[PDB]
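**Q** could you work out the structure for the sequence below:
(chains A and B)
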Amino acid sequence: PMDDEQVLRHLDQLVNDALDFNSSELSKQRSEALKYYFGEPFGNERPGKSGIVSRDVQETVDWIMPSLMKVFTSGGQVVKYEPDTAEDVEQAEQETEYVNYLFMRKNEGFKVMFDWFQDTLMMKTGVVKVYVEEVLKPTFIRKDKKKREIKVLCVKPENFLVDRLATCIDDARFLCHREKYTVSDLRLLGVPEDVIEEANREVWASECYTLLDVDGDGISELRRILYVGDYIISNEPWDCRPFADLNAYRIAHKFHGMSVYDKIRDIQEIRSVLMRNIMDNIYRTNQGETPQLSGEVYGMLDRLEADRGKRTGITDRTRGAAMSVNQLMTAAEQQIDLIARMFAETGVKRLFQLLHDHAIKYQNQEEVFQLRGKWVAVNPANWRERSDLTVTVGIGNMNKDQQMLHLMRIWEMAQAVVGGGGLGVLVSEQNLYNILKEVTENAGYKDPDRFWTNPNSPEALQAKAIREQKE
Amino acid sequence: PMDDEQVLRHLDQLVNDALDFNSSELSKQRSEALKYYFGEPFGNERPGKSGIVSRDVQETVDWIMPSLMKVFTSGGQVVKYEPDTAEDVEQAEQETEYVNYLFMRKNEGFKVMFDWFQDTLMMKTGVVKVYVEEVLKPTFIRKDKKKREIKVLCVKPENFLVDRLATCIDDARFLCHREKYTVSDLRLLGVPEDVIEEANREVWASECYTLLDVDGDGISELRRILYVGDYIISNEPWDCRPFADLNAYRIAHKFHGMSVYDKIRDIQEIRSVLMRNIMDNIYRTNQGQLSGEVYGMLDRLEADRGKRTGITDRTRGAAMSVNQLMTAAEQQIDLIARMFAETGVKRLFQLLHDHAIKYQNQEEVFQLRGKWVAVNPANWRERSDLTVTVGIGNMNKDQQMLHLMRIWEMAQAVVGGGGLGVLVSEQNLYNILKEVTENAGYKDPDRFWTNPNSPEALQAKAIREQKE
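**A** Numbering: from 1, shown residues only, chains lettered A, B, ... in the order given. The protein structure is shown below:
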């Protein structure tokens, strides 16, 4: 109650506790992960002998990364909102394209997600920060003044000090994000002085999202504290925590989740060690009766590779009548697809965070959403639900299976309908429109390349009645 | 009779006894399961030697997740109600897709079922709690006042203190669920003070569904009590207990059933010890032989781990492989899904009850527009999920293919030999192609084809053929 300075010391204590715990545990875990990944010697390699370390989680990354790269970055249909059917065309799909086109091609593209994945799969925590800035260069026509933007960036979760007692984004009572915020930022804030820490003061700062009792009242909101060095802070009633804290496997009830490294490292160890010993033995046979090594010791390298596969990418090779429907059922219900489902579900919260941060106030600007025109997106509704089920282990029938099945069954059935029944008696041009439209989107081009609409229009009067009933 | 404070003491001692028994037994079992699963050294690995643990249950878990995910999380047809056929189209499938659409994509998605599986396969007890809340943002058009919701959340069965003498949900006379219910929830309830346990008071609380007599009368209904810290409680009559307490294998009569751990643990232990011993012997030979058949029985161990749960040694070990090799070689995990759905029938009844008492006036997204308030459904007291699992339960990939083939063949045969109208007609050939459209993935829109008796039907089945 009435806390204005004890909050600073309590936040310092919480920051120090997060330092100790998160730094020690997670930094040691991610350092082991990095040491295994980079393939530098483990430290047990004696001088005078080839200390060969075989990188095995690297190809694991080279395997997991492409599949996810296809699965997410394919159209702006990855995450719909699925609100009521009435207000779909004007705000569901419009806001969906708004958020996708402001994320894809307008928030750095996918490389932010790329580094996010690497953070959750190499450095054991995938988490990013969303915040706001302004735009300048007014007409001084070219009136661009006070234009606001909202954008996301990787936090380097080593600089994401937090208690482990959250296990989810909306459970951390104390979120500390570490930054530099150098002398230029100090001048912009207005602090005339500095802290212990020349424009290169390499000053360090912390942003704390935390809840306490500072007024002697009910449950206070989250508060954003720019606790830098116990100096002039930027405290503000915060509303939404802009982070995601992935774990890469939906591990048990703890904040930081085990890495892919943790489930591949052992394989790598064995692999490296054994091949070392093998050529080591080969070496001790060259220099010189030392028993020789048959080719069978190399045979279990194959089962080690199979273990590396079947851990996540259960297909040992690239991909291990009806032409193997759905691409052998999404490559045999791949574990990567399950993790992709998890990641899309986690990013649903992020899309909500951005939808909020733009529905408060972003700008009045329109969309290039297949057409010209979009009202101000500082007043859309969140709808509280973002639907992304059709991308992954769910229905998720991928393009090169759904499209081929649709084209084949649709064409054969439509020709049967035309020959036997006809066009207008059964499904007509206006619905055959949609029926071939599925092909058009699955061909990649819906609106501009394939207009096809002809619903009820100056064309439709002469493309469905005047043309047909007169002839 | 006349119990106001002795109820608190009785619930405290019940909570303490449940802590003792459940904590000890289930916690030790689930800790052994977690230590086997996570693959950390068992503790017998002496320093100076590689304490490698061959995780052999993790592949079992990663195998049983996806099959359950397809068999349960697929469409709104997982659990029908099979009521009287008169009120079939009026309420049966309407409420079926209602609870499906509120449970999937509206009740946390499927992740609650994922944690449910985990609760029953390394926490050894798959149990969750269903409860209610309210909705806000009124007119301050946009009238959102007193709107209510019903939802299910996992209870972390360590925090599901309960007598083991139940063996089923509707058998426990004392179901205690441990929560935190911190100072925020204390302020919401209205308590001015706290207990022994600064906003971070980390207070602990318990919700008890118990049967007691406090009035000196006949049989009393269940009571929900918010015994927190021997302090103010939230007592309320309770109608239906919202828990599931899975066992994952339909074990003999005990509340908490054996895990997938209890049946793959032997395989994992044998695998780990022999692989460690093989590398140890290799190292002693290197510093100063072993036959290769020790690695040969690694395959036998993998097959034993399969046969235990995933009985096919491989992923799945004329007539085009009828029913996908007789329902995936009549999988045991299919039986697990069967009893999982049987247990979730009670959960769906709980949800339907809690929404039928009062949820909201909102309309369904069940393939159409138009549905009255779902505070007046009929539960039908039976939730039919027979077309999903070890029952009839044929999978789509085989059923749709064979049925489309038979539809094509018999439709062509009837057209050629008998005709199109004297036998099964266009309006029934509608349905006959409609199951094909159903299993194609899209139900209503892309294949409407209705043509029953309508302005499109009058020119589509009446005058387009008899007058031409």
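**Q** wait, residue A:395 touches residue A:389, no?
**A** Yes. At 6.0 Å, residue A:395 counts as touching residue A:389 under the criterion of C-beta atoms under 8 Å. Where you see a C-beta, it was placed from the backbone N, CA and C, and this is true even at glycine.
**Q** which one of those two is surrounded by more residues?
**A** Between residue A:395 and residue A:389, counting by other C-beta atoms under 10 Å in any protein chain shown, residue A:389 is the more crowded of the two (20 against 14).
**Q** quick check, the residue in the stretch 251-400 of chain A closest to chain B?
**A** Relative to chain B, the nearest point of the stretch 251-400 of chain A is residue A:333 (4.0 Å; C-beta to the nearest C-beta).
**Q** number of nearby residues for that residue?
**A** Using other C-beta under 10 Å, residue A:333 is surrounded by 19 other residues.
**Q** how close does residue A:446 get to residue A:462?
**A** Distance, residue A:446 to residue A:462, using C-beta to C-beta, to the nearest Å: 24 Å.
**Q** between these two, point out the one with more neighbours.
**A** Neighbours per residue, other C-beta under 10 Å: of residue A:446 and residue A:462, the larger number sits with residue A:446, 17 against 12.
**Q** now do the contacts for the spatially most central residue of chain A.
**A** By C-alpha atoms, centre = their mean, chain A has its centre lying nearest to residue A:113, at 4.4 Å. Contacts for residue A:113 (C-beta atoms under 8 Å, 6 or more residues apart in numbering or on different chains) come out as residue A:72.
**Q** helix, strand or coil: sort out residue A:35 for me.
**A** helix (DSSP: H, G, I helix; E, B strand; the rest coil).
**Q** for it, which non-adjacent residue is closest in space?
**A** Closest residue to residue A:35 apart from its sequence neighbours, by C-beta to C-beta, 6 or more residues apart in numbering or on different chains: residue A:42 at 7.0 Å.
**Q** so the one you found touches residue A:54, yeah?
**A** No. Residue A:42 lies out of contact with residue A:54 (C-beta under 8 Å); the separation is 10.8 Å.
**Q** can you list residues touching both of those two?
**A** residue A:272.
**Q** please say which of the two ends up with more neighbours.
**A** Higher neighbour count among residue A:42 and residue A:54: residue A:54, with 19 against 15, using other C-beta under 10 Å.
**Q** surely the more buried one forms part of a strand?
**A** No. Looking at residue A:54 with three-state DSSP, it is coil, so not inside a strand.
**Q** got a list of what it touches?
**A** Contacts here follow C-beta under 8 Å, 6+ apart; on that basis residue A:54 touches A:39, A:268, A:271-272, A:275.
**Q** counting neighbours, what do you get for the closest residue to residue A:83 other than its chain neighbours?
**A** Leaving aside its sequence neighbours, residue A:83 sits nearest to residue A:383 (C-beta to C-beta, 6+ apart; 4.3 Å). Around residue A:383 there are 18 other residues, counting by other C-beta under 10 Å.
**Q** secondary structure element for residue A:178?
**A** Residue A:178 belongs to strand A:174-179 when elements are defined using DSSP states H and E.
**Q** now what about that strand, what contacts it?
**A** Counting by C-beta under 8 Å, 6+ apart, A:11, A:14-15, A:18, A:129, A:155, A:158-163, A:204-210, A:241, A:243 sit against strand A:174-179.
**Q** rerun that using 7 Å as the cut-off
**A** Residues outside strand A:174-179 that contact it (C-beta atoms under 7 Å, 6 or more residues apart in numbering or on different chains) are A:14-15, A:18, A:129, A:155, A:159-163, A:204-210, A:241, A:243.
**Q** now stretch A:124-139
**A** A:26, A:29-30, A:33, A:112, A:116-117, A:119-120, A:144-150, A:152-155, A:157, A:160, A:177, A:242-246, A:248, A:256, A:259, A:353-354, A:357.
**Q** just the buried residues out of those, in ChimeraX syntax.
**A** A single ChimeraX command is used to select the members of the contacts of stretch A:124-139 judged buried by 16 or more other C-beta atoms under 10 Å in any protein chain shown:
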select /A:26,29,30,33,112,116,117,119,120,147,149,150,152,154,155,157,160,177,242,243,244,245,246,248,256,259,353,354,357
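**Q** quick one: end-to-end length of stretch A:140-148, please.
**A** 18 Å (C-alpha to C-alpha, to the nearest Å).
**Q** ok, stretch A:2-20 near chain B or not?
**A** No. Judged by C-beta under 7 Å from any C-beta of the partner chain, stretch A:2-20 makes no contact with chain B; its nearest approach is 8.5 Å.
**Q** show me the contact partners of that stretch.
**A** Under the contact criterion C-beta under 7 Å, 6+ apart, stretch A:2-20 has outside partners A:161-163, A:174, A:176, A:206, A:208, A:210, A:212-216, A:225, A:227, A:230.
**Q** quick one, which of those are buried?
**A** Listed as buried from the contacts of stretch A:2-20 are A:161-163, A:174, A:176, A:206, A:208, A:210, A:212-214, A:225, A:227; burial here means 16+ other C-beta under 10 Å.
**Q** turn those into JSON lines, columns for secondary structure.
**A** Below are these laid out as JSON lines (three-state DSSP):
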{"residue": "A:161", "secondary structure": "coil"}
{"residue": "A:162", "secondary structure": "strand"}
{"residue": "A:163", "secondary structure": "coil"}
{"residue": "A:174", "secondary structure": "strand"}
{"residue": "A:176", "secondary structure": "strand"}
{"residue": "A:206", "secondary structure": "strand"}
{"residue": "A:208", "secondary structure": "strand"}
{"residue": "A:210", "secondary structure": "strand"}
{"residue": "A:212", "secondary structure": "coil"}
{"residue": "A:213", "secondary structure": "coil"}
{"residue": "A:214", "secondary structure": "coil"}
{"residue": "A:225", "secondary structure": "strand"}
{"residue": "A:227", "secondary structure": "coil"}
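**Q** and the helix or strand harbouring residue A:273, what's buried?
**A** Using DSSP H and E, residue A:273 maps to helix A:260-286. Across helix A:260-286, burial judged by 16+ other C-beta under 10 Å covers A:260-277, A:280-281.
**Q** can you get me a residue count around the residue in the stretch 151-300 of chain A positioned nearest to chain B?
**A** Scanning the stretch 151-300 of chain A for proximity to chain B using C-beta to the nearest C-beta identifies residue A:219 as nearest, at 4.6 Å. Using other C-beta under 10 Å, residue A:219 is surrounded by 14 other residues.
**Q** try residue A:404
**A** Using other C-beta under 10 Å, residue A:404 has 14 neighbouring residues.
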